[PDB]
Every structure is written in C-alpha cells, then in structure tokens.
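Just so it is clear, A, B, C and D label the chains in written order, and each chain counts residues from 1 on its own.
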C-alpha cells in the first residue's frame, strides 16, 4: 500500500504555504505497513501537471491526497468535486492567468472525489478538528491538480482513491495581514498536519 | 506586585468557556516576583459586579486583565474602550436581558483601557500570535466588567492598570457548529493562554 | 422564441422568497417578440422535478433561466455548473433531508450552464449591478433544478440554453435577522428583478 | 427648526462617496416647517474640523446628522458613541495618518449620540430598511466629526441633538471590487437616502 500526499509551494505573495511543510513532514512516514510519499508541487499551470503526472507514474500510489492552502477558510475543508475548467482569479507563479479554458479538452465536466469524505469529516470531528465538505475547490491550481489526479484514476486505473483537502492560513501568516485591513481565520500547523494524517488513515482503512 | 486575571463561566448554550480554564491555569503562577491570581466570574449582571468588587477589594491588584470569549472573532483582540451602557443581545445566565441602561449612573460615558495595548499587540505579533485592537467590547458582560474595573481604578486608585482581552472560540467549540450552518474561526487554547500570559508580562514590564 | 423563468416558494422558515415574485412579475411579459413564461417551483425534492418536467414539456422553452434565493450572498451570482448530487444541509419543505445521492443515476457528474454567463455578468456590470460567476449552486434545490434542466436540454434537445441565477436576500428579509445575531447582505427587489430581465435579454440576443 | 446634514467627499481611492450625494440631495429641502441644510466635508483631519465648526456657527442647527460611508457594512448603522481619539488605519486625503492622539485634549473620553437612535432604528425597520446600532464609528474621520459635533453641543448648547449614521457601499461601487478578490455588501442609494430622511423626521418629532 502506497499513499501520495502533495502540497504546494508559496504563492500570491505569501512567504510560506503550510501545505509544503505538511508534504515534507509526512514524506517517508508509515501508517501500519503503508508507505507515505510526500511531494511539493509548483503553483504553475502546465508545470504542475508535468510534475503531478511524473510523480503518479513514478510512485503509482493506491491513494492520492492533494493538499492546498485556502486563504480565508476557517476550518479544514474536504473537496467533493473537481471541475474541468481553469479561470484564475490571480495569475500563477509564472504570471499566467488562464481564463475560461478546460483542463482536459473532451474529458468529463467534473469528477467526484473518491476519498471517503464523509467518514474523514466524521473522524476529524471526533478528534476535535473542525472540518466540512467543500463543493468547490476553486478554479485555480488546487482544482487543477485535483481534476488531473481524478482523471488519471479514471483513465489509468490508479490511484484507486483521489481527493483534495484545503487548510486555512496558519497563525503566523496572519501577522502582516492585521495592519492591512482585515483579520482572516487561521488554524494551527499542528492541527492541519494531524487532519491530513487522519484523512490518510481513514482512506487506508477504507481500502479494506 | 499582584496581578488579577479573570475569565467567565460558560454561557449562551456553550458547554465551555476557554477563559474559565485560562483563569484557573494562570492562578497562583508567578512571573518574576509578581503574584498572579486567577478568578472566574459568572455571566450574570449584578452578581458579576458583586464578585468583581469583592475580588478587587480582597486582592487589591496592581494590574487587572479581564478575559472573555468573543464568538466569531478570528484573532486575539485587546479592548481599547469600556462604555457605560448595557444592551444585551442575549440574556445573561439568569435570563436577564438588560437594554439601554447605564452601568454606573452619572459616571463617565467611557474609560480607555490603561493596559499598554499597543505594546501588548506588538509583542503578541512578535510571538506569531495574531492580535488586533478592538474598539468595542460589546455591551454584554465583558464590557460590563471592563467598565466596572476601570471605574474602580479611577475611583479607588487601584488597580493601576486595567483592561480586557477577548479570545476566539477554541477548536473543540466549533465541532457542533459545523452541522448547524456556518464555521466560525477558532484559535488553539494554548495560543489563547500564551497571549494572556504575554499581556501580563508586558503590563508588568510597563509598571517600571 | 419562448423563455421560461422559474422561481421558488418560501423555505427554511422565511416568510418570503423574492424569486417567487420575480417569476410572477416576469410571467407574460415580452422582450422584442419573445414570450416569457414565469413559474414558481416548490422547494421539495421529487415534486420539484415533476413540476419542472411538466413545465418544460408544456412550454418547450428555447431558453430556461431558473432563479433562486442564496442567503448570505452579497451580489447577483450566475451559476457556472450543475452537479449530479444531492446533499441537503437542511431538509426540503416536506422534511426530506437527502444526503449523498445522485440526481440522475448514471448521468454525467456535471453540466456547465449554457447561458452566456460571461456576457450576462458584463452587461449587469454595465448596468451598475454587482454580479459574479458562482462555481457551486449548492447541493440543495437550486442545484437540483439547475441539473435537471441542463440534463433535459442534453437529452431532449431543448431548451437550447439553460442556467441558474441566485439573488441575495432583499432588505425586508433582513429585519428579523438583526436581533438574532448577524446582519447578512441584501439587494433591492428592483435590482434583482432587473438582473433577471437583463440575463433574459442577453440570452435572447445570443440566440442569433 | 433647522437641521444640518453632512456627508463626506470621496476617499481611499474610491471615485465616489454616496454620502456626498445624500448631503447635496437633502440640501434645501423641508420636512414640515423645518429647514434642512446639506453640506459636504473634506476627508482631511484639521480641515474637516474647520469646515465643521464654521458650518455649525453659520447655521446653528437644532439637529445635526453626520453621514459617512462604512465600507463592508451590510446595513444602515446608527452610531451610539463618539470617542476622543484618532488612530487612522489609512491616511486622510492629504496623506496624514494620525495615530494615538486625542481629538480634544482634556475633553471627555467619549460622548453618547443624542439622536433618538433606538426610535430611528425602529422606524427604519418599519420602512423595511435594515439598520442596527453601531458601538464604534471607527477612529478615522467619521468618528472625528461625530465627536467634534457632540463636543460642540456640550460646550455651546447647540445643536440640541447630534449623531452619526454610516451607510454601506452603493452597488455601483462594488463593480471594480469583484475582480480584486472579494464582494462586499451594498445598499441602494435610494434606500440610504431615505434612511437619512427618516432619521431626520424621527429626530424632529423627538424635539417635541
């Protein structure tokens, strides 16, 4: 059993992206006899797909859990659906701001996450971790990778399960926002990391 | 040197109030040679005043830092001003919903906090703790105690410094809110507790 | 040329649903030589489908614009996608709270709106009407009807264009919310109505 | 009977300030036999005080209702209190960003509005206009003028009644915000104007 967890590099002016640390922290760990691989993806259209594809083919994970930062969200959110579209509100890290364009021409308009999202949410709640099911992962890079991963599953037969989890800003990221006007919600790095670990455990247990 | 820190009991249907734990956790500790006293106040108009007054006269603190829960706020907030008015949006723990009534008839319309609020905010930020200055502590029990404490200072000469700090919900309090409709912001109990400790340290250092 | 505009009856405790009035106000009007039909749908799973299907077969509209109330949203929102799933956060008007269930078993996971959403948003902006593209119409009755309408189009060949528009609460609906805790955004009934009229005009102009 | 209504010029990058139009629209009108004067104030510390003082001495109004724009607020808000402090989050129109400074050295920490705020809120609600009582008018120019007006009343004996009303952005102001990231609440210009007219009527009726 192999699990692939991905995170993203910093973007949009942020000095850090907590999901990058999550990926690195989870890399190489083992839950039971399952091997976990953690990889960081660039916040760049095209390049992110290349890295994603290469990683999936290299590792051929049974389960893929892609993690991203969701500025403004107050709790852990588990994505229900990936949409075949790109409409960036801001440009990617290379200045590309793609609008009204499919991710995979001719492919399904959308794919439902194949992670046991309701069971994951339930377990997180039992752990005292606020979490909810999100019905839109946006149309930026998080949705982009979520869709490509699910399309890979539908087209290649692996990973068996694929999904996306968004985490709020961690506290330290709020500091310089205070003087700028508003104070967005945050969640400790420790809780975000544990949330992803829990999702992996629940997904694994689901695979018989 | 004596410091009085207060918190509140649960209210509004909540099973817990993190400030109650903060008060109990800080009771009896010492910062340098300063003695810290932690006391819990009832969320009841009148009774809260009685307890507050008795406590202040009993301990005669040099510094008073009153802490309360602020549902919905995303970061630590330091109150700038206490207003001479009661206008409860919800009733207190004994069903009393007082509206348009002064806290102390004839007394000043308001009192500015005498805690070094800007220095406290600055130190919290250096500690990676999101915090901002609030310009309204509401017109419920938090403001009620904040005003009475500052009035006591102006009238009795002690405490020399008095102020109020509001903390967000702690994560576990969000769990049953998720199914109810929305997901309010939260902040770990550990960070909330440390924030209050920092405020005490900064206040103490301020007193020469 | 025939246009069908639908709205919903009150739900979730609300005494009114502004989209019900919109449907009734637009019923029987004509834009150019196009005939507009306005119908109200029940906020009930199953029954809503029956009424929707009967209406579509009865009128056989070239364009279908389904309108709904979106509590909390601050501006007119044009739905980009309908998802093949039902996961009600609250029960429908008959107490049915369906969870994790497809709308049409075996049908596509999702359908993109076929209304010229970007052109509609652009025209609304020129009219000084705040509007944006929403990437999730929820998984309650609005999404339910949006999906069924688009599925009808894909399966029956009509309507040629189908989409969904959500409107904010109108001001009068905010009054009793004020004492309850928070003040959600609102938009005048007149602006919401005009927004729908504009969408119809833009859709019609699009059909050559 | 004379009523003075003031509004502010555009500020913070905005091309317009709806309160400027309100002031101009209400100037010269009469409610019963009461004369209404509408004047626009600059969003500049110091200069605003000069204009305010000159206007008050020139007209010597019985009632003064100062109106301002409150970006982000979702409904009409009636200010309960003016605070003797300046702490600008942004600079004024002349680049002055005053911090931690009293408005009037030695004067009271605060003044309660003398407008019949609860009756005004009640009437607005009866008119279907969402409105609530705000406990902080900020520490920028709105609070600055609110405080100076109330201080003038306490020191000069006129105006007999003085207060402040904040209005949300009007719809057209939201357009260019949409592409910038978030969609703040708005309220029609017509409703904002009527709200101020209602406040004047209620204030006048209050003066016997």
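Assume contacts are C-beta pairs under 8 Å (C-beta built on N, C-alpha and C of every residue); 3 or more make two chains touch, one makes a residue touch a chain.
Asker: Counting C-beta pairs in contact, does B-D beat B-C or the other way around?
Answerer: Top pair by contacting C-beta pairs is B-D.
Asker: Test of understanding: which option in A-C, B-D or A-B shares over half of the contact pairs of C-D, residue numbers taken as the match?
Answerer: Selected pair, repeating C-D: A-B.
Asker: If you average the CA atoms of chain B and of chain D, how many Å lie between those two points?
Answerer: Going by mean C-alpha positions, chain B sits 31 Å from chain D.
Asker: Let me have the rounded angstrom distance from the C-alpha centre of chain A over to the C-alpha centre of chain B, please.
Answerer: Taking the mean C-alpha position of each chain, the two centres sit 38 Å apart.
Asker: For chain B and chain C, let me know how many angstrom lie between their CA-based centres, rounded off.
Answerer: 46
Asker: What are the residue numbers in chain B that touch two or more other chains?
Answerer: In chain B, no residue touches at least two other chains, as defined above.
Asker: Which stretch or stretches of chain D touch chain B in the complex?
Answerer: Against chain B, chain D makes touches at 80-81, 83, 85, 87, 100, 108-112, 118, 133, 135-136, 138-139.
Asker: How about chain C: which of its residues touch chain D in the complex?
Answerer: Contact set of chain C toward chain D: 74-75, 125, 128-132, 171-172, 174-175, 178, 183-188, 190-191.
Asker: Can you tell me which positions in chain B touch chain C when the two form their complex?
Answerer: My answer: residues 89, 181.
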